[PDB]
file upload29.txt (compact mmCIF, C-alpha atoms)
# COMPACT_ATOMS: atom_id res chain seq x y z
CA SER W 1 2.54 23.19 -0.92
CA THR W 2 2.34 20.18 1.38
CA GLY W 3 -0.24 17.77 2.74
CA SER W 4 -0.39 15.55 5.82
CA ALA W 5 -3.05 12.96 6.58
CA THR W 6 -3.43 10.29 9.21
CA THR W 7 -3.77 6.70 8.03
CA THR W 8 -5.60 4.20 10.24
CA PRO W 9 -5.63 0.38 10.26
CA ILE W 10 -8.98 -1.05 9.17
CA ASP W 11 -8.91 -3.83 11.77
CA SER W 12 -6.96 -5.31 14.65
CA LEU W 13 -4.55 -7.13 12.31
CA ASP W 14 -3.49 -4.12 10.22
CA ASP W 15 -4.93 -5.84 7.12
CA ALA W 16 -4.94 -2.47 5.35
CA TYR W 17 -4.92 1.23 6.15
CA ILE W 18 -7.47 3.91 5.26
CA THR W 19 -6.82 7.62 4.80
CA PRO W 20 -9.57 10.24 4.51
CA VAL W 21 -9.75 12.00 1.12
CA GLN W 22 -11.95 14.96 0.19
CA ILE W 23 -13.53 14.72 -3.27
CA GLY W 24 -15.68 17.32 -4.97
CA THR W 25 -17.47 20.50 -4.01
CA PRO W 26 -18.80 20.55 -1.37
CA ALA W 27 -16.33 17.97 -0.12
CA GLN W 28 -17.35 14.33 0.02
CA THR W 29 -14.96 12.53 2.37
CA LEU W 30 -14.16 8.92 1.49
CA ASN W 31 -11.71 6.63 3.25
CA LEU W 32 -9.27 5.34 0.64
CA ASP W 33 -6.58 2.67 0.65
CA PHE W 34 -3.38 4.42 -0.43
CA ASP W 35 -1.64 1.92 -2.68
CA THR W 36 1.95 2.42 -3.86
CA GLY W 37 1.51 -0.73 -5.96
CA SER W 38 -1.15 0.63 -8.35
CA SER W 39 -1.97 3.86 -10.15
CA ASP W 40 -5.76 4.31 -10.23
CA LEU W 41 -7.79 6.49 -7.88
CA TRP W 42 -11.16 4.76 -7.86
CA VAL W 43 -14.16 5.02 -5.58
CA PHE W 44 -17.42 3.40 -4.69
CA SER W 45 -20.04 5.70 -6.15
CA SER W 46 -23.66 6.40 -6.92
CA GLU W 47 -22.98 4.42 -10.13
CA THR W 48 -21.85 1.25 -8.35
CA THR W 49 -24.17 -1.74 -8.83
CA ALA W 50 -26.43 -1.53 -5.76
CA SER W 51 -25.99 -5.18 -4.73
CA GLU W 52 -22.21 -4.65 -4.68
CA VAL W 53 -22.33 -1.83 -2.12
CA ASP W 54 -22.47 -2.93 1.53
CA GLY W 55 -21.73 -0.11 3.96
CA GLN W 56 -19.14 1.89 1.99
CA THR W 57 -19.38 5.64 1.65
CA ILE W 58 -20.06 6.57 -1.97
CA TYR W 59 -19.01 9.45 -4.18
CA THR W 60 -21.97 11.06 -5.95
CA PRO W 61 -20.64 13.17 -8.83
CA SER W 62 -24.04 14.77 -9.50
CA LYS W 63 -23.77 16.48 -6.08
CA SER W 64 -20.33 17.97 -6.85
CA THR W 65 -20.35 21.30 -8.66
CA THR W 66 -16.78 20.70 -9.82
CA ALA W 67 -17.31 17.16 -11.20
CA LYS W 68 -17.08 16.70 -14.95
CA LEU W 69 -17.58 13.46 -16.87
CA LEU W 70 -14.41 12.56 -18.74
CA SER W 71 -16.15 11.73 -21.99
CA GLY W 72 -15.56 8.25 -23.36
CA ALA W 73 -13.15 7.21 -20.62
CA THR W 74 -13.43 3.84 -18.93
CA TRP W 75 -11.23 1.89 -16.56
CA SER W 76 -10.80 -1.69 -15.42
CA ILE W 77 -8.26 -3.08 -12.99
CA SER W 78 -7.31 -6.45 -11.55
CA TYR W 79 -5.11 -6.71 -8.46
CA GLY W 80 -2.62 -9.35 -7.33
CA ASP W 81 -5.08 -10.80 -4.82
CA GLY W 82 -7.56 -11.55 -7.60
CA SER W 83 -9.90 -8.66 -6.84
CA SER W 84 -11.10 -6.24 -9.52
CA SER W 85 -13.21 -3.19 -10.29
CA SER W 86 -14.22 -1.12 -13.31
CA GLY W 87 -16.29 1.86 -14.42
CA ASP W 88 -16.20 5.35 -15.93
CA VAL W 89 -14.29 8.51 -15.06
CA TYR W 90 -14.88 12.02 -13.76
CA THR W 91 -12.46 14.82 -13.11
CA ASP W 92 -12.93 16.64 -9.83
CA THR W 93 -11.11 18.39 -7.03
CA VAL W 94 -9.33 16.02 -4.64
CA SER W 95 -7.64 17.01 -1.40
CA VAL W 96 -5.48 14.93 0.93
CA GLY W 97 -4.46 16.36 4.27
CA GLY W 98 -4.78 19.94 3.04
CA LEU W 99 -3.10 19.37 -0.35
CA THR W 100 -5.47 20.04 -3.25
CA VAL W 101 -5.36 18.86 -6.86
CA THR W 102 -7.86 20.22 -9.35
CA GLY W 103 -8.82 18.14 -12.38
CA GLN W 104 -7.88 14.82 -10.78
CA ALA W 105 -9.23 11.72 -12.52
CA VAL W 106 -11.67 10.10 -10.12
CA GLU W 107 -12.57 6.66 -11.42
CA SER W 108 -16.13 5.82 -10.51
CA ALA W 109 -16.84 2.13 -9.98
CA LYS W 110 -19.80 0.59 -11.82
CA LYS W 111 -18.69 -2.88 -10.73
CA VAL W 112 -16.52 -4.18 -7.90
CA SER W 113 -15.55 -7.75 -7.02
CA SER W 114 -16.77 -9.51 -3.90
CA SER W 115 -13.69 -8.77 -1.76
CA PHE W 116 -14.37 -5.04 -2.11
CA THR W 117 -18.08 -5.35 -1.38
CA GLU W 118 -17.32 -7.44 1.69
CA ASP W 119 -14.97 -4.82 3.16
CA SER W 120 -17.19 -2.02 4.42
CA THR W 121 -14.22 0.03 5.65
CA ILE W 122 -12.55 0.76 2.28
CA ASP W 123 -14.35 3.26 0.03
CA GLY W 124 -11.84 2.94 -2.82
CA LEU W 125 -8.13 3.08 -3.66
CA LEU W 126 -5.72 5.93 -4.25
CA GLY W 127 -2.84 4.70 -6.40
CA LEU W 128 0.67 6.00 -5.81
CA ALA W 129 2.73 3.86 -8.21
CA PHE W 130 3.84 5.36 -11.55
CA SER W 131 1.20 6.75 -13.89
CA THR W 132 2.29 4.36 -16.64
CA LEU W 133 0.21 1.69 -14.83
CA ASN W 134 -2.99 3.76 -14.85
CA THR W 135 -5.79 1.79 -16.53
CA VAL W 136 -7.94 4.61 -17.95
CA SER W 137 -8.68 4.19 -21.64
CA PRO W 138 -8.36 5.63 -24.24
CA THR W 139 -6.44 8.44 -22.49
CA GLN W 140 -4.30 7.30 -19.57
CA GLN W 141 -4.60 9.49 -16.49
CA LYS W 142 -2.12 10.72 -13.88
CA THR W 143 -1.96 9.77 -10.22
CA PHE W 144 -2.74 12.24 -7.46
CA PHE W 145 0.98 12.46 -6.69
CA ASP W 146 1.92 13.03 -10.32
CA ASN W 147 -0.64 15.85 -10.56
CA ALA W 148 0.49 17.42 -7.26
CA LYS W 149 4.22 17.04 -7.81
CA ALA W 150 5.08 20.33 -9.44
CA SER W 151 3.29 22.28 -6.69
CA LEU W 152 4.91 20.42 -3.80
CA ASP W 153 7.73 21.97 -1.79
CA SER W 154 9.74 18.81 -2.59
CA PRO W 155 8.63 16.10 -5.06
CA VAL W 156 8.21 13.38 -2.43
CA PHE W 157 5.70 11.60 -0.31
CA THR W 158 6.34 9.55 2.81
CA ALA W 159 4.65 6.52 4.34
CA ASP W 160 4.80 6.09 8.11
CA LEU W 161 2.49 3.16 8.83
CA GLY W 162 1.75 2.18 12.42
CA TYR W 163 1.77 -1.23 14.04
CA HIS W 164 -1.70 -1.65 15.53
CA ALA W 165 -1.88 2.16 15.56
CA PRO W 166 -2.45 5.13 13.26
CA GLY W 167 0.32 6.55 11.12
CA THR W 168 0.84 9.26 8.53
CA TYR W 169 1.13 9.97 4.82
CA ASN W 170 2.92 13.25 4.09
CA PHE W 171 3.21 14.95 0.70
CA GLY W 172 5.88 17.46 -0.19
CA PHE W 173 8.14 17.30 2.87
CA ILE W 174 10.14 14.96 5.07
CA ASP W 175 9.22 15.17 8.76
CA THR W 176 12.63 14.88 10.40
CA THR W 177 11.00 14.20 13.78
CA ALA W 178 9.29 11.04 12.50
CA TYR W 179 12.32 8.73 12.32
CA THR W 180 15.52 7.89 14.16
CA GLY W 181 19.03 7.98 12.72
CA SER W 182 19.43 8.69 9.02
CA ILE W 183 17.43 7.87 5.90
CA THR W 184 19.23 5.49 3.55
CA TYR W 185 18.33 5.98 -0.08
CA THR W 186 18.39 3.24 -2.67
CA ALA W 187 17.90 3.05 -6.44
CA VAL W 188 14.49 2.52 -8.05
CA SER W 189 13.60 0.95 -11.38
CA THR W 190 10.37 2.25 -12.87
CA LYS W 191 10.47 -0.27 -15.73
CA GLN W 192 7.46 -2.21 -14.40
CA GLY W 193 5.66 0.90 -13.14
CA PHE W 194 6.39 0.08 -9.48
CA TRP W 195 8.62 1.47 -6.76
CA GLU W 196 10.98 -1.41 -7.45
CA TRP W 197 14.27 -1.66 -5.58
CA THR W 198 16.87 -4.21 -4.46
CA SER W 199 17.33 -5.13 -0.83
CA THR W 200 20.87 -6.10 0.14
CA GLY W 201 19.91 -9.10 2.27
CA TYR W 202 18.28 -10.39 5.42
CA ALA W 203 18.68 -11.87 8.87
CA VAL W 204 16.35 -14.04 10.95
CA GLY W 205 16.16 -13.14 14.62
CA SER W 206 19.60 -12.68 16.14
CA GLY W 207 21.17 -14.69 13.31
CA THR W 208 23.90 -13.52 10.99
CA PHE W 209 23.06 -11.27 8.07
CA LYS W 210 22.96 -12.94 4.66
CA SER W 211 24.15 -10.64 1.90
CA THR W 212 22.02 -11.33 -1.15
CA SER W 213 20.18 -9.15 -3.65
CA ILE W 214 16.39 -9.28 -3.37
CA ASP W 215 14.54 -7.30 -6.04
CA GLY W 216 11.05 -6.29 -4.96
CA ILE W 217 8.45 -3.54 -4.76
CA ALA W 218 7.51 -1.18 -1.95
CA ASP W 219 3.76 -1.76 -1.85
CA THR W 220 1.56 -0.14 0.79
CA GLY W 221 -1.50 -1.87 -0.69
CA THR W 222 -0.24 -5.38 0.07
CA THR W 223 -0.61 -6.56 3.66
CA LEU W 224 2.22 -9.08 3.96
CA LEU W 225 5.89 -9.50 3.10
CA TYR W 226 6.40 -11.82 0.12
CA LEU W 227 9.96 -13.06 -0.43
CA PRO W 228 11.76 -15.90 -2.22
CA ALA W 229 10.99 -19.40 -0.94
CA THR W 230 14.55 -19.91 0.30
CA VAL W 231 14.33 -16.81 2.53
CA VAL W 232 10.86 -17.65 3.81
CA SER W 233 11.84 -21.25 4.62
CA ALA W 234 14.85 -19.98 6.60
CA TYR W 235 12.57 -17.70 8.62
CA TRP W 236 9.88 -20.25 9.48
CA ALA W 237 12.47 -22.94 10.28
CA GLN W 238 13.15 -20.88 13.42
CA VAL W 239 9.56 -21.27 14.65
CA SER W 240 8.74 -24.63 16.25
CA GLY W 241 5.76 -26.22 14.59
CA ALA W 242 5.56 -23.83 11.65
CA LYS W 243 4.73 -25.33 8.31
CA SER W 244 3.53 -24.41 4.87
CA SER W 245 -0.10 -25.40 4.42
CA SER W 246 -1.45 -25.76 0.89
CA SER W 247 -5.00 -25.91 2.28
CA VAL W 248 -4.64 -22.62 4.18
CA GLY W 249 -2.54 -20.98 1.46
CA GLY W 250 0.79 -20.33 3.15
CA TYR W 251 2.89 -20.68 6.26
CA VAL W 252 1.04 -21.15 9.52
CA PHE W 253 2.45 -21.46 13.00
CA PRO W 254 1.25 -22.35 16.50
CA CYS W 255 -0.44 -19.33 18.04
CA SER W 256 1.50 -20.11 21.24
CA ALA W 257 4.81 -19.30 19.50
CA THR W 258 7.00 -16.27 20.10
CA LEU W 259 8.10 -15.16 16.61
CA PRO W 260 11.65 -14.05 15.81
CA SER W 261 12.30 -10.69 14.19
CA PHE W 262 13.20 -10.36 10.51
CA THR W 263 15.79 -7.87 9.28
CA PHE W 264 16.08 -6.60 5.72
CA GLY W 265 18.93 -4.62 4.19
CA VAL W 266 18.73 -1.22 2.57
CA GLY W 267 22.23 -0.57 1.29
CA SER W 268 24.45 -0.87 4.36
CA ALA W 269 21.50 -0.06 6.64
CA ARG W 270 19.16 -2.54 8.34
CA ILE W 271 15.42 -2.40 9.06
CA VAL W 272 14.22 -4.72 11.82
CA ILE W 273 10.67 -6.09 11.69
CA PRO W 274 9.75 -7.19 15.24
CA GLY W 275 8.37 -10.71 15.54
CA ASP W 276 4.97 -9.51 16.66
CA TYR W 277 4.51 -7.71 13.31
CA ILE W 278 4.62 -11.12 11.61
CA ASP W 279 1.61 -12.52 13.54
CA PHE W 280 -1.66 -12.37 11.58
CA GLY W 281 -3.67 -14.30 14.10
CA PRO W 282 -5.85 -17.39 13.97
CA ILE W 283 -6.52 -18.81 10.50
CA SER W 284 -10.20 -19.04 11.47
CA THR W 285 -12.00 -17.85 14.58
CA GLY W 286 -10.96 -19.89 17.62
CA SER W 287 -8.15 -21.75 15.88
CA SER W 288 -4.76 -22.23 17.55
CA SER W 289 -3.08 -22.16 14.12
CA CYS W 290 -1.97 -18.64 13.23
CA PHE W 291 -1.23 -17.16 9.82
CA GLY W 292 2.27 -15.91 9.07
CA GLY W 293 3.13 -12.41 7.91
CA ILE W 294 6.08 -13.53 5.80
CA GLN W 295 5.07 -15.68 2.84
CA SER W 296 6.62 -17.03 -0.34
CA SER W 297 6.51 -14.96 -3.51
CA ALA W 298 7.02 -18.09 -5.63
CA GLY W 299 4.40 -17.94 -8.33
CA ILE W 300 3.61 -14.24 -7.74
CA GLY W 301 6.46 -13.40 -10.07
CA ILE W 302 7.73 -10.55 -7.91
CA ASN W 303 8.84 -9.98 -4.32
CA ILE W 304 6.64 -7.58 -2.37
CA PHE W 305 7.69 -5.43 0.56
CA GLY W 306 4.16 -4.95 1.84
CA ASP W 307 2.87 -3.39 5.03
CA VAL W 308 4.59 -5.93 7.33
CA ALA W 309 7.93 -4.58 6.10
CA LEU W 310 7.02 -0.95 5.45
CA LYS W 311 5.44 -0.36 8.86
CA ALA W 312 8.81 -1.09 10.49
CA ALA W 313 10.23 1.96 8.69
CA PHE W 314 9.78 5.57 7.74
CA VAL W 315 9.67 5.32 3.94
CA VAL W 316 10.42 8.10 1.45
CA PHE W 317 9.00 7.83 -2.05
CA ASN W 318 11.21 10.31 -3.88
CA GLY W 319 9.61 11.31 -7.18
CA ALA W 320 12.47 13.44 -8.44
CA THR W 321 13.44 13.13 -12.12
CA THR W 322 15.33 9.98 -11.16
CA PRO W 323 13.15 8.42 -8.47
CA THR W 324 14.63 6.78 -5.39
CA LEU W 325 13.36 5.18 -2.18
CA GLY W 326 14.51 6.04 1.34
CA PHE W 327 14.20 3.97 4.51
CA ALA W 328 14.83 4.96 8.12
CA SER W 329 14.22 3.19 11.39
CA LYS W 330 11.69 4.84 13.72

call {"tool": "encode", "arguments": {"input": "upload29.txt", "output": "structure tokens"}}
result
Amino acid sequence: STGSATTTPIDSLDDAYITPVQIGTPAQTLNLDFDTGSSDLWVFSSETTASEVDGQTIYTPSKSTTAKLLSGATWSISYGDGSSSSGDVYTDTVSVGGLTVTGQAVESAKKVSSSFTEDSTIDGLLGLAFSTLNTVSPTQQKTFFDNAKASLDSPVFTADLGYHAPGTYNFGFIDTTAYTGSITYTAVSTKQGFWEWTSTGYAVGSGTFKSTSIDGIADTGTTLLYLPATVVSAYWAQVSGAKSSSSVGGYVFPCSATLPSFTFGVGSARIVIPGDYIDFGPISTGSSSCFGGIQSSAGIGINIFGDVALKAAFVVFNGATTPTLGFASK
């Protein structure tokens, strides 16, 4: 089997992407944030504290003839940005782009943190990291991909995120029309539960390539590109007037600037992030200070190849017995 679904930016900055997901019988369609950096599929629901729902579409298990309470199971998750959610668990039928999993754990939120409430466009998350990170207790549950894998034509999914435009998540096949040149594959460590890999280096603008190993995670649920302070300083040094602002919480730059591109290495291959992808707009409405899309990972504890990086590529998440990651230009 295969599936194919369009993923759409939630706003004009590409802060996140939502993908429609059918849950239950009859189908309830919710728009979920596909997140290769976590491993829980959770949704706003009829069980979510009423004051914490503000415009989201909710899953109502009592209206699904295939929903079953997973007795005794609870979940609770905290994300890198400080947000969190928790609740109980149902199993139900879940379909993405025509690909159906029966008996998928659907984690129903009883509580969500303010950032989730305040974002009316995201109805929940669909985790695509390794199932070892799943938070369901006392019996850990499998991701949608893990459950689908054996049925797929090939045990892969692909992320093709758009810049200020829709893109695609495919399951079970590689669309050879969706990228240019060849896909370069690189090793993955699953030791931390992430799609963790090592970039071979970087360049800033038309500058020379610096060969250096950068361990990090391919994370569709993180907006920006977080890299070591040395790398980030070298990038922003090429933008007149750019500076790191402790009050804003990262590098900012004059909105009048033209940003240089940033290249990262995948083996001997190179992925080029155009400068415009690194512009996240005014820090506050009407400001002429703009927020940068490349930020320091110092104090995160890990480098993160988030959407800024991934949207410059066609990315293969290869879930074979030994997983690997592939990147192509597009």

call {"tool": "residues_around", "arguments": {"input": "upload29.txt", "residues": "stretch 101-110 of chain W", "least_positions_apart": "3", "cutoff": "10 Å", "atoms": "all atoms listed in the file", "output": "count of residues only"}}
result
56

call {"tool": "atom_distance", "arguments": {"input": "upload29.txt", "atom1": "atom CA of residue W:81", "atom2": "atom CA of residue W:308"}}
result
16.3 Å

call {"tool": "residues_around", "arguments": {"input": "upload29.txt", "residues": "residue W:293", "least_positions_apart": "5", "cutoff": "6 Å", "atoms": "all atoms listed in the file", "output": "JSON, numbers by chain"}}
result
{"W": [224, 278, 279]}

call {"tool": "closest_residue", "arguments": {"input": "upload29.txt", "among": "W:172, W:265, W:301, W:37", "to": "residue W:153", "atoms": "all atoms listed in the file"}}
result
W:172

call {"tool": "residues_around", "arguments": {"input": "upload29.txt", "residues": "residue W:186", "least_positions_apart": "2", "cutoff": "9 Å", "atoms": "all atoms listed in the file", "output": "PyMOL selection string"}}
result
chain W and resi 184+188+197-199+266-267+324-327

call {"tool": "closest_residue", "arguments": {"input": "upload29.txt", "among": "W:134, W:28, W:100, W:8", "to": "residue W:78", "atoms": "all atoms listed in the file"}}
result
W:134

call {"tool": "atom_distance", "arguments": {"input": "upload29.txt", "atom1": "atom CA of residue W:254", "atom2": "atom CA of residue W:231"}}
result
19.9 Å

call {"tool": "atom_distance", "arguments": {"input": "upload29.txt", "atom1": "atom CA of residue W:234", "atom2": "atom CA of residue W:219"}}
result
22.9 Å

call {"tool": "residues_around", "arguments": {"input": "upload29.txt", "residues": "stretch 314-323 of chain W", "least_positions_apart": "5", "cutoff": "9 Å", "atoms": "only C-alpha atoms", "output": "compact mmCIF listing (two decimals) with C-alpha atoms, keeping the file's coordinate frame"}}
result
# COMPACT_ATOMS: atom_id res chain seq x y z
CA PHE W 145 0.98 12.46 -6.69
CA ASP W 146 1.92 13.03 -10.32
CA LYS W 149 4.22 17.04 -7.81
CA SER W 154 9.74 18.81 -2.59
CA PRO W 155 8.63 16.10 -5.06
CA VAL W 156 8.21 13.38 -2.43
CA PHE W 157 5.70 11.60 -0.31
CA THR W 158 6.34 9.55 2.81
CA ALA W 159 4.65 6.52 4.34
CA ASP W 160 4.80 6.09 8.11
CA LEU W 161 2.49 3.16 8.83
CA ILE W 174 10.14 14.96 5.07
CA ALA W 178 9.29 11.04 12.50
CA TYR W 179 12.32 8.73 12.32
CA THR W 180 15.52 7.89 14.16
CA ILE W 183 17.43 7.87 5.90
CA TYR W 185 18.33 5.98 -0.08
CA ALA W 187 17.90 3.05 -6.44
CA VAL W 188 14.49 2.52 -8.05
CA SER W 189 13.60 0.95 -11.38
CA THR W 190 10.37 2.25 -12.87
CA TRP W 195 8.62 1.47 -6.76
CA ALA W 328 14.83 4.96 8.12
CA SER W 329 14.22 3.19 11.39
CA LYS W 330 11.69 4.84 13.72

call {"tool": "axis_aligned_box", "arguments": {"input": "upload29.txt", "around": "stretch 216-219 of chain W", "padding_each_side": "6 Å", "output": "lines of an AutoDock Vina configuration file"}}
result
center_x = 7.4
center_y = -3.7
center_z = -3.4
size_x = 19.3
size_y = 17.1
size_z = 15.1

call {"tool": "residues_around", "arguments": {"input": "upload29.txt", "residues": "residue W:163", "least_positions_apart": "2", "cutoff": "9 Å", "atoms": "all atoms listed in the file", "output": "MDAnalysis selection string"}}
result
chainID W and resid 9 13:14 161 165:167 277 308 311:312

call {"tool": "write_last_selection", "arguments": {"input": "upload29.txt", "atoms": "C-alpha atoms", "output": "compact mmCIF listing (two decimals), in the frame of the given file"}}
result
# COMPACT_ATOMS: atom_id res chain seq x y z
CA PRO W 9 -5.63 0.38 10.26
CA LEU W 13 -4.55 -7.13 12.31
CA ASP W 14 -3.49 -4.12 10.22
CA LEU W 161 2.49 3.16 8.83
CA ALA W 165 -1.88 2.16 15.56
CA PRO W 166 -2.45 5.13 13.26
CA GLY W 167 0.32 6.55 11.12
CA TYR W 277 4.51 -7.71 13.31
CA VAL W 308 4.59 -5.93 7.33
CA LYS W 311 5.44 -0.36 8.86
CA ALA W 312 8.81 -1.09 10.49

call {"tool": "residues_near_point", "arguments": {"input": "upload29.txt", "point": "(-10.9, -5.2, -6.0)", "cutoff": "7 Å", "atoms": "only C-alpha atoms", "output": "PyMOL selection string"}}
result
chain W and resi 78-79+83-85+112-113+115-116

call {"tool": "write_last_selection", "arguments": {"input": "upload29.txt", "atoms": "C-alpha atoms", "output": "compact mmCIF listing (two decimals), keeping the file's coordinate frame"}}
result
# COMPACT_ATOMS: atom_id res chain seq x y z
CA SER W 78 -7.31 -6.45 -11.55
CA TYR W 79 -5.11 -6.71 -8.46
CA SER W 83 -9.90 -8.66 -6.84
CA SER W 84 -11.10 -6.24 -9.52
CA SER W 85 -13.21 -3.19 -10.29
CA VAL W 112 -16.52 -4.18 -7.90
CA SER W 113 -15.55 -7.75 -7.02
CA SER W 115 -13.69 -8.77 -1.76
CA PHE W 116 -14.37 -5.04 -2.11

call {"tool": "closest_residue", "arguments": {"input": "upload29.txt", "among": "W:5, W:129, W:252, W:310", "to": "residue W:162", "atoms": "all atoms listed in the file"}}
result
W:310

call {"tool": "closest_residue", "arguments": {"input": "upload29.txt", "among": "W:241, W:306, W:193, W:250", "to": "residue W:283", "atoms": "only C-alpha atoms"}}
result
W:250

call {"tool": "closest_residue", "arguments": {"input": "upload29.txt", "among": "W:133, W:152, W:227, W:239", "to": "residue W:191", "atoms": "all atoms listed in the file"}}
result
W:133

call {"tool": "decode", "arguments": {"input": "upload29.txt", "residues": "stretch 136-151 of chain W", "atoms": "N, CA and C atoms", "output": "mmCIF file, in the first residue's frame"}}
result
data_model
loop_
_atom_site.group_PDB
_atom_site.id
_atom_site.type_symbol
_atom_site.label_atom_id
_atom_site.label_comp_id
_atom_site.auth_asym_id
_atom_site.auth_seq_id
_atom_site.Cartn_x
_atom_site.Cartn_y
_atom_site.Cartn_z
ATOM 1 N N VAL W 136 2.981 6.883 25.905
ATOM 2 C CA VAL W 136 1.850 6.178 26.518
ATOM 3 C C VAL W 136 2.325 5.214 27.598
ATOM 4 N N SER W 137 1.623 5.249 28.723
ATOM 5 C CA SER W 137 1.923 4.429 29.878
ATOM 6 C C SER W 137 0.631 3.740 30.318
ATOM 7 N N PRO W 138 0.717 2.487 30.792
ATOM 8 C CA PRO W 138 1.915 1.675 31.053
ATOM 9 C C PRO W 138 2.416 0.853 29.861
ATOM 10 N N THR W 139 1.708 0.919 28.738
ATOM 11 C CA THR W 139 2.048 0.142 27.550
ATOM 12 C C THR W 139 2.342 1.116 26.416
ATOM 13 N N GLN W 140 3.619 1.254 26.082
ATOM 14 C CA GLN W 140 4.030 2.163 25.018
ATOM 15 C C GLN W 140 3.372 1.764 23.710
ATOM 16 N N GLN W 141 3.004 2.759 22.915
ATOM 17 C CA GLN W 141 2.308 2.533 21.656
ATOM 18 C C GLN W 141 3.180 2.872 20.451
ATOM 19 N N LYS W 142 2.809 2.318 19.302
ATOM 20 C CA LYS W 142 3.542 2.518 18.057
ATOM 21 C C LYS W 142 3.044 3.721 17.270
ATOM 22 N N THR W 143 3.966 4.339 16.537
ATOM 23 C CA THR W 143 3.592 5.429 15.634
ATOM 24 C C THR W 143 2.776 4.910 14.451
ATOM 25 N N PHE W 144 2.108 5.840 13.781
ATOM 26 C CA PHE W 144 1.372 5.537 12.567
ATOM 27 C C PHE W 144 2.269 4.852 11.546
ATOM 28 N N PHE W 145 3.479 5.369 11.374
ATOM 29 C CA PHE W 145 4.416 4.786 10.412
ATOM 30 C C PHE W 145 4.811 3.370 10.810
ATOM 31 N N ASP W 146 5.126 3.172 12.085
ATOM 32 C CA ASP W 146 5.504 1.857 12.579
ATOM 33 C C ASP W 146 4.375 0.858 12.321
ATOM 34 N N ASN W 147 3.129 1.253 12.591
ATOM 35 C CA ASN W 147 1.991 0.372 12.352
ATOM 36 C C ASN W 147 1.761 0.088 10.870
ATOM 37 N N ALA W 148 2.014 1.069 10.010
ATOM 38 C CA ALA W 148 1.778 0.925 8.578
ATOM 39 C C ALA W 148 2.869 0.165 7.861
ATOM 40 N N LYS W 149 4.063 0.155 8.443
ATOM 41 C CA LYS W 149 5.296 -0.200 7.738
ATOM 42 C C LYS W 149 5.247 -1.512 6.974
ATOM 43 N N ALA W 150 4.761 -2.552 7.631
ATOM 44 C CA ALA W 150 4.769 -3.874 7.033
ATOM 45 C C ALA W 150 3.879 -3.937 5.794
ATOM 46 N N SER W 151 2.859 -3.086 5.736
ATOM 47 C CA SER W 151 1.902 -3.094 4.633
ATOM 48 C C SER W 151 2.355 -2.232 3.471
#
